[PDB]
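Just the one chain here, laid out as structure tokens, in the form deposited without the DNA.
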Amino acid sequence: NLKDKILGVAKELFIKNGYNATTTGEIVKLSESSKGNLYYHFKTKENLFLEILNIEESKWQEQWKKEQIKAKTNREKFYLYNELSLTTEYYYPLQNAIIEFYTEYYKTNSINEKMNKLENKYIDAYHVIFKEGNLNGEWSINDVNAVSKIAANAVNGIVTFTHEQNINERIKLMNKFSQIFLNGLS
């Protein structure tokens, strides 16, 4: 599983030194693989990275699946998931390498394409919550996909453009948002 070993070493290198400074050379030697093996599995560093991001997205889903059982109703799942997105990124190691990578390829439709497939995976969480909320009379939404992209992006905005305020303040605003939003659906 040196494909797996490469993803691992790469994740760590990226975390320690960021996207730009990490060279496939380091990855090659530290994972005891080769330029060729690395080329055959990911073709480029960008792809390698995107690959990691999907693995990460997967772990996040897996995590959410276990964590969402703490929330009985969908209203609750909405409140909870948003809180998680805020508190977890506070200490997500890849966070900084992602920003680096993102704000460096959002100009390439090639990379930008896959970047959306990934983004869409994170949006499904909402889609599910919303779909389920319907089938339980918690709310009635006839445009799930829509409200889903909206929630996703609104929430990511609160997580991304607030950092400085103290952590409780943020959690507070987020929960406030989760309230206002959920309220304007009934």
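Heads up: residue numbers just count along the shown sequence, starting at 1.
Not pictured, yet referred to below: the form solved in complex with the DNA.
Checking 118-126, 35-43, 155-163, 57-65 against the DNA in the deposited complex, the stretch whose residues place heavy atoms within 4.5 Å of it is 35-43.
Among heavy atoms of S178, none comes within 4.5 Å of the DNA in the deposited complex. Proximity of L2 to the DNA in the deposited complex: non-hydrogen atoms within 4.5 Å are present.
In the deposited complex, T23 approaches the DNA with a heavy atom inside 4.5 Å. Of the residues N142, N166, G137, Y91, the one at the hinge where one rigid part turns against the other between this form and the one not shown is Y91. Whereas the displayed form keeps them at a certain spacing, the CA atoms of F177 and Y90 lie at least 3 angstroms farther apart in the deposited complex. Relative to what is shown, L86 and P93 are closer in the deposited complex; their C-alpha atoms differ in spacing by at least 3 Å.
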